[PDB]
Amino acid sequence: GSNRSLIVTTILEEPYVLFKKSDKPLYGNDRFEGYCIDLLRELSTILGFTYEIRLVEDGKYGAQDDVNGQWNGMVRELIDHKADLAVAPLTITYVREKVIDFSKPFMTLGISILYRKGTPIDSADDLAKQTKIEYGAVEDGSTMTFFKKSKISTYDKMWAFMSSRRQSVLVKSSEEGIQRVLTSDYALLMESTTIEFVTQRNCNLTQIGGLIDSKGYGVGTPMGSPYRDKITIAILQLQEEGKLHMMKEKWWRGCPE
C-alpha cells in the first residue's frame, strides 16, 4: 500500500495553533491554523509526507512525575509512539532531550513576566520577596519545571511560593494565565515570544523585566526517529530563505511600546 500519514501531536496556544473560525464546519486538519500549522505544512512539502493533526489528549506540554519518573503531555505521546512528531511551541531542554529528540530550534525565547502596567514592579526579585501579588505558570510546562529545579536563590523562593499554592497559581493554559492577570492581582511567568504576541493585542498588559533564561522551540520526535535530522535541515532552509521570519511577522501582527 501507500505511505501512511504521520501523526502530529500539538497543543492549542495562540498564535502557534488555534481553531480557525469559519462560516461552514471544518473537519480534520482543516480545523487548525497558526504559526506551527504553517510550519508543519512547510515541513510536509519539504520532506514529502502526509499527516494527521491530533491535539495532545491530556492537554499538556510535558513534565516528569516526582515519584515514578513518568512523563505526560506531548513528550509522553512521543515516548510511547502515539505520535510521529510534535509540531508545537515545545521548549528544548536537557531533561526532555534524555527521553525524546528535538530538531534544531525554529524560534528562540526566554522566560519573562506578563503583568499589568502602572505598577513599580520591575523584576522577578520584586515578586519573590512578597506574597500580595500572586504569580505562577502553566502547569506541567517547561516554565514550571525551570522554577521547580532551579537552585538560583530567587527562583527557588518563587518555586516554594508556587508549590504551596499549586491549585491556585499554576494554570491549565496560557489563556487561563492571561485571564488571571486580567481578573486578580497576578503576574504570569510566560515565554517571551508569547508575551510579545499578547502585549501587542492587549494594551493593558506589559512585560516586566527582561528574559531570565535563553532557549529555543523545536520539533519533537521519538528518540531515534529518522525524521529529526531531516526536519533540522528543513528548518535551516526555511530560516535561510526568510520564510520563518515572514511566518513570525504574519502571526504576531495597538499597542504602544
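The first residue of the sequence shown is number 1, and the count goes up from there.
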Problem set entry | Deposited residues lacking coordinates between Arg253 and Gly254 (none, 1 to 3, 4 to 9, 10 or more) | 1 to 3
Problem set entry | Per the entry, higher mean C-alpha B factor between 58-66 and 185-193 | 58-66
Exercise. If you average the Cα B factors in the entry, which is higher, 213-221 or 49-57?
Worked result: 49-57
Seminar exercise, completed: Of the residues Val99, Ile113, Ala137, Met74, the one whose Cα carries the largest B-factor in the deposited record is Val99
For this session: Comparing against every modelled residue in the chain, figure out the third that the C-alpha B-factor of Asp229 lands in (lowest, middle or highest).
Result: highest
For this session: Give the position of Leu170 by CA B-factor within its chain, expressed as the lowest, middle or highest third.
Result: middle
Seminar exercise, completed: For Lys148, the third of its chain by CA B-factor is the lowest
Exercise. What third of the chain, by the recorded C-alpha B-factor, contains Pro105?
Worked result: middle
For this session: Give the position of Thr10 by CA B-factor within its chain, expressed as the lowest, middle or highest third.
Result: lowest
